[PDB]
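Peer 1: This one's a deposited entry, sequence included:
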Amino acid sequence: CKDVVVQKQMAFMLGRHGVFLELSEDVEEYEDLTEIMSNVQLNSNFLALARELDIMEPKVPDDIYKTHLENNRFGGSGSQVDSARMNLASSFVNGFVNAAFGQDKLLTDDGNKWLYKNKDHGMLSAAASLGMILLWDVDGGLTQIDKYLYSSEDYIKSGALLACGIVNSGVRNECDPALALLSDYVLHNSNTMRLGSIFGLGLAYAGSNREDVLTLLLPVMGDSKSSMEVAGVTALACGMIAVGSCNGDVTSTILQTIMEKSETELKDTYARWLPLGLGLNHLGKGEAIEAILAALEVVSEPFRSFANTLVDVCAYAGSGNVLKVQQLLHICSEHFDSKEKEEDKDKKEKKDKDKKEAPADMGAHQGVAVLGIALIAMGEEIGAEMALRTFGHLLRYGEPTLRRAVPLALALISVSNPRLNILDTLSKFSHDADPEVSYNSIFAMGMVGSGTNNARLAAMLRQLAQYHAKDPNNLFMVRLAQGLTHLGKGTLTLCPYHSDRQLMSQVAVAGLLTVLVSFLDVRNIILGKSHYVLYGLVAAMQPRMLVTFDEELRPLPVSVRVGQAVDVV
Amino acid sequence: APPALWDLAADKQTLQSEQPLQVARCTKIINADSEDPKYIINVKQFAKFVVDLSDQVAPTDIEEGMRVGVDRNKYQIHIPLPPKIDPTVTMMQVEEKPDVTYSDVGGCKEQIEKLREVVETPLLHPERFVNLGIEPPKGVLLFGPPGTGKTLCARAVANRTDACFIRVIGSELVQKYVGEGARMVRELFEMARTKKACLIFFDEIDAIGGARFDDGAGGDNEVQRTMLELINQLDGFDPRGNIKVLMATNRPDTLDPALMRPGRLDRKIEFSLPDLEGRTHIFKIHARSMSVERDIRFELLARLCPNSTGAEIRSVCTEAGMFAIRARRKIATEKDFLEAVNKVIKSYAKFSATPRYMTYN
Amino acid sequence: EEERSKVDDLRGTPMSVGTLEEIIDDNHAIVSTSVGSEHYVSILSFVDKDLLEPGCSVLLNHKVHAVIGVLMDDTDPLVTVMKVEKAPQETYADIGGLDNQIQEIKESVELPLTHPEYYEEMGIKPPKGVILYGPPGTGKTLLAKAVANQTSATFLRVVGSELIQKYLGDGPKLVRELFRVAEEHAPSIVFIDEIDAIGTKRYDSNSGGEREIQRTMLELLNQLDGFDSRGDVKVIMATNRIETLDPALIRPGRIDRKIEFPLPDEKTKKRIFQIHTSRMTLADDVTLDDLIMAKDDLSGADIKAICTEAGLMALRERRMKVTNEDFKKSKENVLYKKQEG
Ligand SMILES: Nc1ncnc2c1ncn2[C@@H]1O[C@H](COP(=O)(O)OP(=O)(O)OP(=O)(O)O)[C@@H](O)[C@H]1O
Ligand SMILES: Nc1ncnc2c1ncn2[C@@H]1O[C@H](COP(=O)(O)OP(=O)(O)OP(=O)(O)O)[C@@H](O)[C@H]1O
């Protein structure tokens, strides 16, 4: 039947999904989102067996999130799957509008949500959304305010100038009084310490909505930068604090404000963080800020353009057009950078998602070999790992020092079952004298290993902190290994904060300073006392955090301020 | 195979590091100090050597009875070894990982509270008791009916804040070939003192607490050594011992340990055991299992089984669904299982009523 | 490849087999070999250092006392006593009259493991085992339920208190290792029959004493209670007289189920004779009514032994069919046996 003649066998006539699994033949599925409309009765198990048919497959019914697409069809059918019942619609609708940080779903879906008229926008825009879920988070929290932060205010300024600002960022939220302490302090301009502070400036009021994006970007031009730690911090602010803007003013405002400061940016330190204010909110955004930021490429420095052009060019958009990276490869390369091209095929391989094209894209497998690490990292997103054969074959077959890069692929595929394999493998990589594979190991576990806790983790923390080695890798190992006990959970409700106080209080008796101990004591309570956000994963809907992969790629060769740029978190 | 490939490929650096320190054999105990440079040392080889030390180790760090490494060629001291005692009996004594959280309590309030403040609060807020001291108590004693022996300790396991504690089984103290218990009881104390406030708990002290004397023949002599060496090492003045104590048994016997405890111990509590209004609490914990019909009354069933502690009513909830599987019922109706519950209390009371109250009486 | 031709030159040719004493966080391990020798071994290969743990056997390369590979060798005294197997041809279908008795224990032993779907969804979980007993000398008839259990999963039978108290102890440690070895073979069934620890009169060889016997039994309870092990190693206890055992043993186990063995009636005894004589050939004149009427309070093995002696006597005449006169004359032999003293 499927060989040459006719078409549409009993498979459309009979109703068997078991043979419908076998009805399809190898073809691109981006078009296969369509089916005969049957009753919601046959549509429910139709969609279940189609789903479980489609999970192995790169593309899943969850595609409505990532894709792009972007046509009005998935919003129409997306609000029609709960059509027409508006009462029991409470789930998949309210949780979807209040669980959305960005404006696109509530926007296209806003035009696709025909319940009432013009007053559905009250449950939209994430004002009452983030307000309600934020007060239920206060219902399920919370973090200490007066005791810790004022007892720390007796200690005046810590020497790290590093991790202390993001405290008042995620903590408060929303209150003004500590916001003028944030600001008025960071007017001194010291280092990049302004970072988490001005991040609390707009994160406070923007916790619900909108907010602060009026005075959020004023310090940008207010503060030539001449570098990121000065006028680029607040320049990052409105871009990352955006989280759904656009709206649409914040788009043209960010593009405008960065087109103001160009030679002083210049191509390097701030251009790292700007595309994060666009691509997050919209992938198929019509605005091209890549070209205008890519005219500055002429500085010719191969070094800073590694970590610069990496997520500089990857962070503009998800694209999906196959054309974009061809453009930017030809106009960028020209030639070639002999270096960036690595990251550019990495950006291509990024553009599409898990198409299975990546295992065909690793055949190069350069002496650079960073193609293979991120190529297998992102190149397969699938529930079943199945990547153990190659993920182990590339470390067993691979050239030296590439195994340093190898554990970094533990970020994506490990979301399923990290407990067995991660502390297994990396447990051997942990006591290795190499600070690079110790650092990239404790990160390799890192956040994906912070999903849940265990007695093996807390018991293992011992003598991880008894080592006599110097350098930040020690308390990144141990102190990052502290944040894996729980995430945004507590303290009232639930786990006591006294034990952390005693652990970070006793370990800090050493060195004596060694200011990195006054950096670690705040490091664990970034995520520890931050709270107010549950993750979970981020995320449960199967998106991904964009600041985490980006930032965690730079300190792999961690040197000076890259760790604080990553400390935006 | 890849991990074993990289595992076997590190032997090239390992053999270069194999030249030094591999002659460190063996471990040797020192004896006396005649002067500063020269020390007499004994080894298990039976040859006692008087020898100096390496210049990389401060001589003030070596104290009598410290085991140290040796370069057999020169016999000089190489590196000291902190661990000394003991073989596998210690590692068997150590326990780790939590279980049985506080939500597993059967309604006991004053009990669990008064024992919470003896152990958990002193190590939770040490500065508090030191400020307002006075001084925290030494420890407690548990005993009585079986429900619920020994599970209350599991609560301290899950509620342990940071450093794990060690549990000990009673009958392993007494052993054939008398004189093994002497080493046994002694070593764990030093281990505990290195363990900075770690807890040591002996179960069923009545086995090793046989008191007091009989005509002949001993008999209790090998027993009395165990208990009395215990109490003597417990009554030492240094520290002693900061590791606190924890004790549990069945009957209050015998008199010798019972007369020795109130000087060194305090807070003896008795079970309690389910109160009438408290019996339902065990039903509230077991209600999360299976499915409870909204018409089931726990207070009605609870009065029909006095003195059953928590075990027997656990078997009540158990036989509900057990006999429901045989009758294919998915949920257990209140009238269905009670017909087998009066039977399961009476039929098991027919041969024996389980008179733990009579065991010590 | 090249690693196999490399590491072999380091360990060989001669090497010694020592024991691990203690491990140091410096990757220096202290080994002990015959006789009374110590050392610092640091090797990064083949380890497996975390799974070793002190108290296990390690190799020693002559130069210098290095451990190339790990060795777990059993053998061992206790591991020999669990196997094998039997997997006996007998089944629970070869016994009758205990259907009302057997239904619950057969259910209880197949409750976990096999047929888990109705067990796991119900959330009951009573994994404390079962307790058996009966009169007058039965308990092997309850073992006739263990043969069916031997057909499923893993089985181990440890019977008699002589194995502990025959010499000085060290008390339960012999049982303590049975728990853990059964944990390595989990799931497995551990059956204990005829517990005389409190019913014995004279200890074997020279050992003491009555109260130390009790303390090894009590430590058996705490092992069995227990804190803290969830593993099975399902445990079954059985004896002739339950009154000897202390009520201190019942709350930890078995709190859910204990069975009593009743004496068989006329219908049951008829079934029993049926099952044994199924394979045997009997004369036409043998009737099953008068046989069970003449017998009073007899178990399956009694009617078994009378048939065995009937066939033994029939071997004197070399006859495979047992006549009723030969059967009754043979029956009178065991009848006179129990009635002689
Ligand atoms: N009041 C109660 N609350 C909660 N659980 C209970 C209670 N009484 C009994 N139990 C449960 O019954 C189980 C059986 O108790 P167990 O037999 O371990 O006591 P025991 O240790 O034998 O007592 P003893 O040590 O005094 O002989 C325990 O696991 C316990 O959790
Ligand atoms: N209803 C029955 N059907 C078939 N066989 C039975 C039945 N009842 C008992 N038997 C058999 O009778 C035997 C009775 O064993 P018996 O009680 O004589 O052993 P025992 O010698 O007393 O064991 P121990 O000395 O260890 O107590 C069992 O092996 C069982 O197979």
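Peer 2: Yes, it's here. Numbering: from 1, shown residues only, chains lettered A, B, ... in the order given. Ligands and ions are numbered 1, 2, ... in the order given.

Peer 1: what's the distance between the residue nearest the centre of chain B and residue B:175?
Peer 2: For chain B, residue B:167 is the residue whose C-alpha lies nearest the centre (C-alpha atoms, centre = their mean; 1.6 Å). Between residue B:167 and residue B:175 the distance is 19 Å, computed by C-beta to C-beta, to the nearest Å. Placement of C-beta: from N, CA and C, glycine included.

Peer 1: What count of nearby residues applies to the closest residue to residue A:369 other than its chain neighbours?
Peer 2: In space, and not counting its chain neighbours, residue A:369 is closest to residue A:402: 4.8 Å by C-beta to C-beta, 6 or more residues apart in numbering or on different chains. If you count neighbours by other C-beta atoms under 10 Å in any protein chain shown, residue A:402 ends up with 18.

Peer 1: Pull the contacting residues for residue A:402.
Peer 2: The neighbours of residue A:402, taking C-beta atoms under 8 Å, 6 or more residues apart in numbering or on different chains as the test, are A:369, A:373, A:394, A:395.

Peer 1: what about 10 Å?
Peer 2: A:365, A:367, A:368, A:369, A:370, A:372, A:373, A:394, A:395 (C-beta atoms under 10 Å, 6 or more residues apart in numbering or on different chains).

Peer 1: got it, and residue C:108?
Peer 2: Taking C-beta under 10 Å, 6+ apart, we find residue C:108 in contact with B:322, C:126, C:129, C:130, C:234, C:236, C:254, C:256, C:257, C:259.

Peer 1: Dump these to CSV, plus neighbour count, distance to residue A:522 and secondary structure.
Peer 2: What follows is the contacts of residue C:108, written out as CSV (neighbours: other C-beta atoms under 10 Å in any protein chain shown; distance: C-beta to C-beta, whole Å; DSSP: H, G, I helix; E, B strand; the rest coil):
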residue, neighbour count, distance to residue A:522, secondary structure
B:322, 24, 55, helix
C:126, 21, 50, coil
C:129, 23, 54, coil
C:130, 23, 58, strand
C:234, 25, 53, strand
C:236, 24, 58, strand
C:254, 23, 56, coil
C:256, 24, 54, coil
C:257, 23, 58, coil
C:259, 20, 64, coil
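
Peer 1: Return the two entries of those that lie farthest from one another.
Peer 2: Greatest spacing in these, by C-beta to C-beta: B:322 and C:236 (17.3 Å).

Peer 1: what's the neighbour count on the one residue in the stretch 451-569 of chain A that gets nearest to chain B?
Peer 2: The nearest approach of the stretch 451-569 of chain A to chain B comes at residue A:455, 4.2 Å away (C-beta to the nearest C-beta). Neighbourhood size, residue A:455 [other C-beta under 10 Å]: 12.

Peer 1: The residue nearest to the centre of chain B is in contact with residue B:200, isn't it?
Peer 2: Yes - at 8.2 Å, residue B:167 counts as touching residue B:200 under the criterion of C-beta atoms under 10 Å.

Peer 1: Please enumerate the shared neighbours of the two.
Peer 2: With C-beta under 10 Å, 6+ apart, residue B:167 and residue B:200 have common neighbours B:93, B:246.

Peer 1: Can you classify residue C:115 as helix, strand or coil?
Peer 2: What DSSP: H, G, I helix; E, B strand; the rest coil gives for residue C:115 is coil.

Peer 1: Could you report the neighbour count for it?
Peer 2: 12.

Peer 1: Just confirm yes or no for the helix or strand where residue B:349 lies near chain C.
Peer 2: Of the helices and strands defined by DSSP states H and E, residue B:349 is found in helix B:334-351. Yes - remark: helix B:334-351 sits within contact range of chain C at B:344, B:347, B:348, B:350, B:351, by C-beta under 10 Å from any C-beta of the partner chain.

Peer 1: what residues are up against the second one?
Peer 2: Residues touching residue B:347, when contacts are defined by C-beta under 10 Å, 6+ apart, comprise B:340, C:258, C:260.

Peer 1: Need the nearest residue in space to the second one, chain neighbours excluded.
Peer 2: Looking back up the chat, that one is residue C:258. Using C-beta to C-beta, 6+ apart, the nearest residue to residue C:258 is residue C:131, at 4.2 Å.

Peer 1: quick one, what contacts the one you found?
Peer 2: Taking C-beta under 10 Å, 6+ apart, one finds C:105, C:192, C:235-239, C:242, C:245, C:249-250, C:253-259 in contact with residue C:131.

Peer 1: and if you look at residue B:243?
Peer 2: Residue B:243 makes contacts with B:139, B:165-166, B:188-189, B:191-200, as judged by C-beta under 10 Å, 6+ apart.

Peer 1: Next to ligand 2, which bits of the stretch 1-150 of chain C? Give me the list.
Peer 2: The stretch 1-150 of chain C comes close to ligand 2 at residues C:94, C:95, C:96, C:97, C:137, C:138, C:139, C:140, C:141, C:144, as judged by C-beta under 6 Å from any ligand atom.

Peer 1: Please enumerate the helices of the stretch 251-400 of chain A.
Peer 2: A:290-294, A:304-314, A:324-333, A:340-351, A:358-361, A:370-379, A:388-397 (DSSP state H, counting those that start in this stretch).

Peer 1: Nearest to ligand 2: which residue in the stretch 101-250 of chain B?
Peer 2: residue B:171 (27.5 Å; C-beta to the nearest ligand atom).

Peer 1: Tell me how far that residue lies from chain C.
Peer 2: 3 Å (C-beta to the nearest C-beta, to the nearest Å).

Peer 1: Spatially, and excluding backbone neighbours, which residue is closest to residue B:168.
Peer 2: Sequence neighbours aside, residue B:202 is the residue nearest to residue B:168 in space, at 5.1 Å (criterion: C-beta to C-beta, 6+ apart).

Peer 1: right, and that neighbour touches residue B:142 too?
Peer 2: No - contact between residue B:202 and residue B:142 fails when scored by C-beta under 10 Å: they sit 11.0 Å apart.

Peer 1: Find the residues that touch each one of these two.
Peer 2: B:246, B:247, B:248, B:249.

Peer 1: Please enumerate the strands of the stretch 201-341 of chain C.
Peer 2: With DSSP state E, counting those that start in this stretch, the ranges of strands along the stretch 201-341 of chain C come out as C:234-239, C:281-282, C:321-322.

Peer 1: if I pick residue B:248, what's in contact with it?
Peer 2: Applying C-beta under 10 Å, 6+ apart, the residues contacting residue B:248 are B:140-143, B:149-150, B:152-153, B:170, B:201-205.

Peer 1: so which of those would you say is closest to residue A:377?
Peer 2: Distance to residue A:377 across the contacts of residue B:248 (C-beta to C-beta) is lowest for residue B:153, with 46.2 Å.

Peer 1: so what's that closest one closest to, chain neighbours aside?
Peer 2: residue B:201 (6.1 Å).

Peer 1: Which residues of chain C lie near chain A?
Peer 2: Residues of chain C lying close to chain A by C-beta under 10 Å from any C-beta are C:25, C:27, C:44, C:47, C:49, C:50.
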